[PDB]
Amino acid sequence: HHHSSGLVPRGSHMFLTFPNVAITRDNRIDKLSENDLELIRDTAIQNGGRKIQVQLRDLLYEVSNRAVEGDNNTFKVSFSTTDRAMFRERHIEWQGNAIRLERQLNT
């Protein structure tokens, strides 16, 4: 970066970034910590069913609570992009990681 190492980008609850996310030998996310999952859950809850963004390694995931009516503590994971090159190149791991994140959020 063209800025001092004593300065970092200001964060937002709209965009959560998890730096040291463990990777599995099959090129997938491992189990996130309980504190990480609770932070994602609480942030999605505070946004009342509207999507928040979650950065795991170098990919972006969209997460919302209110996945189903009746239970607000149900979480949905999706992803979206415009650049065809990144989708063409990463869609398989992106989808698999999205499944895993959803599974961890609801277990």
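All residue numbers are counted from 1 along the displayed sequence.
Comparing 8-16 with 86-94, the stretch with the higher mean C-alpha B-factor in the PDB entry is 86-94. Here the stretch with the larger average CA B-factor, out of 35-43 and 22-30, is 22-30. Per the PDB record, residue ranking by Cα B-factor puts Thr81 in the highest third of the chain.
Ranked by Cα temperature factor within the chain, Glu69 sits in the middle third according to the deposited record.
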